[PDB]
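Here are the chains, one letter per residue:
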Amino acid sequence: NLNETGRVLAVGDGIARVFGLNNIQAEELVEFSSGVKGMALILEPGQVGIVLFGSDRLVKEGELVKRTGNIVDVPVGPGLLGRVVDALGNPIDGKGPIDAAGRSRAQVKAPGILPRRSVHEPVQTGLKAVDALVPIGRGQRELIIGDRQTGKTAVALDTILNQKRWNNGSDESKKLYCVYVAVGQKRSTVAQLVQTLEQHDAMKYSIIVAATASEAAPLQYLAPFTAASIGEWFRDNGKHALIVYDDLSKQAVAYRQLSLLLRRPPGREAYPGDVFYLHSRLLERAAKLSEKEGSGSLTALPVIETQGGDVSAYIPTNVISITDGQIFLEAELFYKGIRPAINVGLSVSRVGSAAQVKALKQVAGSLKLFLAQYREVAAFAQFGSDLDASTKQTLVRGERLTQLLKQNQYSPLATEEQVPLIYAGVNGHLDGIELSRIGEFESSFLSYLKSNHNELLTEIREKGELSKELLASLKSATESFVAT
Amino acid sequence: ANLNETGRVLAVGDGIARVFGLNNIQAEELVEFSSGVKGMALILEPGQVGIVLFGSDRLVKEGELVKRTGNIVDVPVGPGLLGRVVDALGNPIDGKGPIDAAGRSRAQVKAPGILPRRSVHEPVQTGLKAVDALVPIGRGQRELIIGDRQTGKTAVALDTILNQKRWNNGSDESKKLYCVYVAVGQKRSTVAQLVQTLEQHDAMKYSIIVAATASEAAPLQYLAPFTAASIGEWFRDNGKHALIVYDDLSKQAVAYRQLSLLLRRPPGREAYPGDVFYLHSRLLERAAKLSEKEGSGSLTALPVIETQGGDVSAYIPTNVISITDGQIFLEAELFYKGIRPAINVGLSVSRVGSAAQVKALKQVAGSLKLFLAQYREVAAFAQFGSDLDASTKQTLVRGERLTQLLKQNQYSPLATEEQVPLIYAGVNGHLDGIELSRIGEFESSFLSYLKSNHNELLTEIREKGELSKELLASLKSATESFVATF
Amino acid sequence: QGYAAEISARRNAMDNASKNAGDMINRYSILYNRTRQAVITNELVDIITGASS
Amino acid sequence: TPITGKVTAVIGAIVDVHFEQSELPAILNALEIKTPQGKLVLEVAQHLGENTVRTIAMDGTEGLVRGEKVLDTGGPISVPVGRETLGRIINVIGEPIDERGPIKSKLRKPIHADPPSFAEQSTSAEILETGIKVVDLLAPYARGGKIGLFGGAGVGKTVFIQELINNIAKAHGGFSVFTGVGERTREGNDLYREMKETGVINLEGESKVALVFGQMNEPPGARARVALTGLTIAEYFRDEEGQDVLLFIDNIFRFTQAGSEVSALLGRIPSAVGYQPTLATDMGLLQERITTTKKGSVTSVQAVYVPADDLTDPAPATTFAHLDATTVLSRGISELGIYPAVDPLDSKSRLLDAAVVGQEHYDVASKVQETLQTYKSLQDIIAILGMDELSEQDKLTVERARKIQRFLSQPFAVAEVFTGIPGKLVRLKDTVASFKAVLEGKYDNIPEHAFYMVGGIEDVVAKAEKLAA
Amino acid sequence: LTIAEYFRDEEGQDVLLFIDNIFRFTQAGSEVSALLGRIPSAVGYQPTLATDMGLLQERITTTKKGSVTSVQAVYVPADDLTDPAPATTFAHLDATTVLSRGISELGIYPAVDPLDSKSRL
Ligand SMILES: Nc1ncnc2c1ncn2[C@@H]1O[C@H](COP(=O)(O)OP(=O)(O)NP(=O)(O)O)[C@@H](O)[C@H]1O
Ligand SMILES: Nc1ncnc2c1ncn2[C@@H]1O[C@H](COP(=O)(O)OP(=O)(O)NP(=O)(O)O)[C@@H](O)[C@H]1O
Ligand SMILES: Nc1ncnc2c1ncn2[C@@H]1O[C@H](COP(=O)(O)OP(=O)(O)NP(=O)(O)O)[C@@H](O)[C@H]1O
Ligand SMILES: [Mg+2]
Ligand SMILES: [Mg+2]
Ligand SMILES: [Mg+2]
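Residues numbered from 1 in each chain as written, not as in the entry; some residues may be left out. Chains lettered and ligands numbered in written order. Part of a larger assembly, values for the part shown. Heavy atoms only, no water. Residues with missing side-chain atoms left out of burial classes, pairs and counts.

J.: Break down the interface of chain B and chain D for me, citing the residues and quoting the values.
T.: Taken together, the 56 residues of chain B in the interface contact 56 residues of chain D. The junction of chain B with chain D conceals about 4,500 Å² of combined surface from both sides, 53% of it contributed by carbon and sulfur atoms. Where chain B meets chain D, there are 26 residue pairs in polar contact. When contributions to the side of chain B that touches chain D are tallied by element, the ones reaching two or more residues are β4 (38–45), β5 (48–53), α6 (276–284) and α7 (315–321) of chain B. Tallied by class, residues from the side of chain B that touches chain D come to 24 nonpolar, 18 polar and 14 charged. Inspection of the sheet shows β4 of chain B paired to strand β1 (residues 3–11) of chain D by two bridges, in the antiparallel sense. Looking across to β1 of chain D, one finds that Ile43 of chain B is bridged to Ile11 of chain D. (Contact = heavy atoms within 4.5 Å. Buried area = accessible area lost by both parts, 1.4 Å probe. Polar contact = N/O pair within 3.5 Å; in protein donor to acceptor, adjacent residues only side chain to side chain. Helix = DSSP H or I, 4+ residues; strand = E, 2+ residues; numbered from the N terminus. Nonpolar A, V, L, I, M, F, W, Y, C, P; charged D, E, K, R; others polar. Pairing = 2+ DSSP bridges.)

J.: So, the site of ligand 3: which residues are in play, and what are the values?
T.: Around ligand 3 lies a shell of 18 residues, among which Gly156, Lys157, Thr158, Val159 and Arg184 of chain D are the nearest. Bordering ligand 3 are residues originating from chains B and D. In the environment of ligand 3, an oxygen atom lies 3.3 Å from a nitrogen or oxygen atom belonging to the backbone of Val155 of chain D. Across the shell around ligand 3, the residue classes break down as nine nonpolar, five polar and four charged. (Near = heavy atom within 4 Å.)

J.: So what's going on with the site of ligand 1? Which residues, and what values?
T.: With respect to spatial proximity, 14 residues lie near ligand 1, and among them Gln149, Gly151, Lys152, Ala154 and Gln409 of chain A are the closest. Ligand 1 sits at the junction of chains A and D, each of which supplies nearby residues. Contact distances for ligand 1 include 2.7 Å between an oxygen atom and a side-chain N or O atom of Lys152 of chain A. Within the contact set of ligand 1, an oxygen atom lies 2.8 Å away from a backbone nitrogen or oxygen of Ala154 of chain A. Protein contact buries 78% of the 630 Å² of open area that ligand 1 shows by itself. It is helix α2 (residues 152–162) of chain A that contributes the most residues to the shell around ligand 1, three residues altogether. (Areas by Shrake-Rupley, 256 points an atom, 1.4 Å probe, with all protein chains shown as cover.)

J.: Please give an account of the packing of aromatic side chains that cites residues and values.
T.: Across all of its chains, the model carries 33 aromatic pairs over all chains by this definition. Ring geometry for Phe441 of chain A against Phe445 of chain A: centres 5.2 Å apart, planes inclined by 10 degrees, an arrangement best described as stacked. Remark: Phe445 of chain A and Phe441 of chain A occur in helix α14 (residues 438–451); sequence separation between them is four residues, near one turn of the helix. Overall, the relative accessible area of 11% leaves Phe441 of chain A in the buried class. Judged by relative accessible area, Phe445 of chain A falls into the buried class, the value being 1%. By the ring-pair criterion, three or more aromatic residues cluster together here, those being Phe442, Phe446, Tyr449, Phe482 and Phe486 of chain B. (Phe/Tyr/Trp six-rings, centres within 6.5 Å; stacked < 30°, edge-to-face > 60°. Buried < 20%, exposed > 50% of the residue type's maximum accessible area, 1.4 Å probe, protein only.)

J.: Would you mind going over the environment of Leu404 of chain A in detail, with residue names and values included?
T.: All names here are of chain A. Relative to the assigned elements, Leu404 resides in helix α12 (residues 391–404). When the C-alpha positions of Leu404 and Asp431 are compared, they lie 12 Å apart, and in sequence the two are 27 residues distant. Apart from residues no more than four positions distant in its own chain, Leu404 is found in contact with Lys128, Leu421, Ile422, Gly425, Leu430, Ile438 and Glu442.

J.: Now, about the arrangement of the chains: what can you tell me, with residues and values included?
T.: Taken together, the seven pairs of chains in contact show their highest number of contacts between chains B and D. Across the gap from chain A to chain B, with no contact made, the nearest C-alpha atoms are 13 Å apart. Contact between chain D and chain E is absent, and the least distance between their C-alpha atoms amounts to 14 Å.

J.: Account for the UniProt feature "binding site: ATP" in chain A, with residues named and values stated.
T.: Residues and elements named next belong to chain A. Feature annotation in UniProt places "binding site: ATP" on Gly146, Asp147, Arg148, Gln149, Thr150, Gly151, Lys152 and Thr153, given in this structure's numbering. For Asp147, the location among the structural elements is in strand β10 (residues 143–147). If we skip the residues at most four places from it in the chain, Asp147 touches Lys152, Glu305, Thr306, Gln307, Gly308, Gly309 and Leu329. Looking at the element boundaries, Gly151 is found in the loop between β10 and α2. By relative accessible area, which is 22% here, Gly151 ends up partly exposed. (UniProt positions renumbered as here; feature names shortened; annotations may be inferred.)

Shown next, in the form of structure tokens:
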């Protein structure tokens, strides 16, 4: 009887050819007699292609493979919070069993055209530069992109940290639960990252799904998908998650390995014929559900890594097309001291000022378009000539905003902190101050505002807007601190 | 039909002939076909054998017989080859009878391990002022000669092989350096003319020529440097010394790419097979200075690599750079400007030379290597002109003087003793006065003068190998003495 | 006078600039030509691989 | 009675053995063939079906015949482990190759082991000082972490490896493993000699360092596996002896290259640029083993070859993932005389944070980078038009950066034969203060060449006067 | 498109068709051609790019019963108009509106290129 069980025809490179398994489903789990697991990805007339989830020293020819009856799935629910798990939801932080409120599939459909609501609620990063110029909303997909070592995880990490402000409060609809997906990373990094989150007491609201470097390809392939499912639970029950795919480049490499070893015919750059669908189906699962569905949200921050800034490449392009916007990171800017290395010209959040606190939008109008006209003048002064009433103004101005949007790592800022700093910069109370001193202006103008103008800051925090009266007080306080 | 010792041709084409039978045949065993053409069994499969031909496809029909040899692809090695010209497999082509075979060795052998080797100390004297001063080579060292088309690459190899005549007319096997020259993919006429030139210098008598030329089967070109290595090795495993020149390895690689691609092996970078690095590695590792325990015999390799548009960052160039113990790089720019040899001092290094160099040369050459690269950099900022400097303007004179001094006529390899006086006159500066159009004169004028007058020094340099302060001040005097008269 | 000297300075400065630029061109013409080729090679390997099956 | 079969195919390194019994040897198992002179080891890589296994050979396969008898050893290729290896040169299959007979070891571990789990990880942020200005200042190494030395052919990877074994390995007072992967035999021989002379190996005493070699003369199978052998001996000190081990691997690139040479013959469809589809997991299965557990620590420095000077070639591209510290050697730099040829921007360290190195240390290196990026941002304006067309600010930051770039070049003790100069070993605290001063403008009037190939700030002035009269 | 063709041939009215994005049509064929195991064409596209486009586009036409006017968004991959996809699109058009990043980054909306954008009329 070969309906439920198949013998092994041939095994090599995390692939196994099995004979039998007749009533098996496409993408069903399997157990090998040795205990290793696998996934039936190819069903042909004579045999079944199975990707292994573990070492193929443990498979031999003639061995007995068993149906599970199960399409690939994971434990899901609020029990996962604080824990660290592998691609299949097994615990790896060595703290024992997970508390599953259920079991979502690995591959769930995205929500269709109907069960959805426009993106309007801000996901606050604390990064002065992001929340002013590329503001990320609830249900959004915002790509973090750039070369190796340009602050890609750094940007997403500072968002997770920041949410602490609301995650410690009781208010369950202001909260944001975090899922970090590490695909292809070495284990010494993931461990060192979970520790960083623990330090900032941010692990409690965070789930770490990991499919690290040594792991079989299908486990790196699967990790963003089952992590979605983990994160989807929050969206599906009136709560809001934020998932981070760090990075999708490595996932794509894993998927190409599977397929080439399954001898599925390659496409462009030896990649599978649908290495777009891979990402497009994944990234459509980040949604903002309708009221009829509880108004929950999955927000995604995929990471992609470019070789030499080549945003023209296959995968970086694929993913640029999927997402609702991009944050570009550049070594050229990074090493010039600008941190985060956010390329203000290329970076957009298409959900835009609809995904941003009112009190920020008002002070940050045309701040991105202005910083765009600033480089335009900086290239006019590249062939250095005389500076007039117009040019000598905007160069000195824009040098100070660029400077003001520098920001220390591990240091997010509240919106009532960002709002005065930007008004201070944009309206022109920074221009006669030495460029080299804006650093101390940030720390000094905030300490000043916390004593006297505490009226302003808690007003700005609570009502999220600005009145003609509130801005009048912000006009004063800034002039009131100009001569020291 | 004896399917154990015999085969039948199943198919042939793309230089490969698939053969049924030949059951007991070894991997990489040589075979002989009905036509006479020989082949090599490279693929041993259940039911048939993949065999790569050492000749033209035309000479193998389907159905034909395939005779075993009982031999891994091998060569006739030994001293009875000296003076002969052979193809890749050992067969003679200079029409001078059968080869006086001391015995046979495998084409492919493992290079000696970590232990049976000795660090290089004995100099390989080229006779080239520029080489013997700035990139000195040692017996066991492998030195890449790399450059563009027509840059005097072979010239450097040829003058070296000629220069060896010095030590090859005496009893001392320890001082003798027999020569192997490997012609891979060259024009047949070029080699003919090159062998003739060896004969016109009585150098042929101590050298062996291995030639698989431009019309010859790729597997004969890929093979030649390997069988050649075996020929060189006989002198190595017998306490003697030998120099093997691979001319060139570019063409070898292209041939081995031809072989690989027609065999269906995946094209990688520049469509080269995966193991093209290993192709050259295992060859170039076979040249080493053997230990005291192993008779101290040596093989010293000079591989030649042709770069395109002077791009040293190409795949095969960087590959061979990553194998060899250094590279003598010839600029086309300097060669076209009349500076021959055209050694770029910036891009040339001997990695083990300072320990192999003749101790007397090292002493007079003090920071000349490091100097020239500094001068040629200074002469770059010398674009003006309206800013004529007084300071480094004297290094600009030294430079042009030393540049002039290192220039060498092809086929003028000077003795090591004829070298140090010239370099002493350059480095120390007894040349900053002499006109640039009369340094070549100064050279012949100063050798004749020393040869007749201070022959006692020229004999002491040759036999001591050093320079004592008494002989250094002796040279000093004879230098200023000749300077006062020119 | 100042005018005249300048003309000579611009003659000489552009004499140097367009010689450096020319030198850059030669170098980059080698780098273009290599990238030209590896781009043809790589596309072809990619295609040829796509029929390995 | 052991488990024996018959060779059925031989193509290059690949050996197809069929077994006529029910049991088939596991993937990763060592199989033997008695040769005319020695024994040929094969390693099971895949089960082909119909009772045949495909294996990679560990040595050349000339002379092998179809039908030939083959013995299953019952386990993966095994090597000697313990203190028994120190002073000894070891092969890829665990044999001694230093002509000093047997290695009577306490145990013999298999080279294939699963890498330490995630909860088995233990992390920290400790600078490993090197006495090398560039690394210490701009991109410092992690104690108990992984370090990568990137370079094209001849830019100085191996010399940089030696200086480190010379600076850190004697001083260390732990144990060290040197595994030569697909490099020059001449260099292994040279290393062997130098160790004996430095006392780091005392042939007739005790030693701090075991050596493993699989040099570029060895067939693909050997160059593929020898890295794991050296790794196995390394791990054994970390886990059983709880020690802090130093693993030096030149060259780690040769491991992937080797895998590519067989990958075709294993019947894998080629990947980008003809590499194995398994390139990234293959690298993980090695690299993830090299790490710091709770039981003990491993600090590894690895030289990485770069084909055709291409940092985006799949092999070294994939490695960047595994490295806590990267120092990248640029040909462009090495060709300006600046040794070591470290790219002061392209090189990166995990540890360059103000709260690991000090805010004071952090600020210096940051501005150095700022400066060096500005000189880079003008390179072409200069190369074409010269200094004359630059604004006075720029012209100054270029005069400063030109000094800075030469100041990062340093005479290396092991490079004495090439320098002609005695080797210096600047201290981390020295390196910072020195460069802080130069940033503060204190040495603008001084000749640039006074900064070339020196130690710390005092050497600059010391040599500046030598350049006076 | 089949919903459009009905109004043109049955109601005989001038139908409007708005497609977004046309590029995806091509990109998806590329995926299925790949998966059907065809040998990929240049830039990895389907070997039937032109005729697959022809088949679709030639249906969008004015017949002697009614009209189909269609406006189509065309994603141009990596800002590159020579990519085989948009390259193959041009041929089928009557007028073209090219949107240029250099126009939109200066702050000009609509980001139209007043020279690249062409028209029959
Ligand atoms: N705003 C900042 N200020 C100062 N340092 C920073 C900042 N952001 C990032 N860094 C540092 O720069 C390094 C690189 O940042 P990282 O977040 O790793 O980017 P990445 O693109 O993920 N690198 P990788 O993942 O290894 O390719 C880290 O060591 C950071 O600590
Ligand atoms: N030192 C020299 N003085 C004068 N002529 C020389 C010198 N060296 C080489 N030549 C001549 O210059 C030409 C090129 O040198 P050659 O020895 O052919 O180098 P090559 O790089 O092997 N050229 P090719 O073999 O065509 O790639 C030949 O005609 C030589 O005879
Ligand atoms: N630190 C240094 N100081 C001075 N000169 C150096 C230094 N490093 C390398 N060089 C010079 O450049 C060469 C570099 O050799 P090596 O250190 O073996 O580099 P490599 O990159 O390992 N070469 P390969 O392994 O063949 O790709 C030496 O022969 C020296 O002439
Ligand atoms: Mg990261
Ligand atoms: Mg030649
Ligand atoms: Mg090296």
